[PDB]
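Student:
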Amino acid sequence: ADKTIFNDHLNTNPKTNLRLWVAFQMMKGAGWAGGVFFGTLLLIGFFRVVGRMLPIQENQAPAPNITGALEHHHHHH
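Written as structure tokens, this is what we have:
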């Protein structure tokens, strides 16, 4: 009893190692990297930009304002 209806041991098996390597790389790589990067960036990125309107404007303007700036060029003199 040895090879006949037995085998026993992993015997390295390149096919098994290859699948394990690719599986881990794809899972951890695509999942973690792609998941967190693409997932978070897209979620928080798009939501934060559209929601908060970060890109320009924001809400107001640190400028004194007072009452706008110029409705259509005026002159009080």
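Read in order, the letters of the sequence shown are residues 1306 to 1382 in this note's numbering. For every residue, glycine included, the Cβ atom is placed at its ideal position computed from N, Cα and C.
Taking the alpha-carbon positions, what's the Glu1363 to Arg1357 distance?
Tutor: Approximately 7 Å between the Cα atoms of the pair.
Student: Tell me the DSSP secondary structure of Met1331 in three-state form.
Tutor: In this structure, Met1331 counts as helix in the three-state DSSP scheme.
Student: Between which two residues does the alpha helix (DSSP H) holding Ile1349 run?
Tutor: Element bounds for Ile1349: 1346-1357.
Student: 7 Å is my cut-off, CB to CB: does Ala1368 come that close to chain C?
Tutor: No chain C is part of this structure, which consists of one protein chain only.
Student: Roughly how many angstroms lie between the CA atoms of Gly1350 and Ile1361, to the nearest whole one?
Tutor: Answer to the nearest angstrom: the Cα atoms are 15 Å apart.
Student: Roughly how many angstroms lie between the CA atoms of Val1354 and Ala1366, to the nearest whole one?
Tutor: Using only the alpha carbons, I get a separation of about 17 Å.
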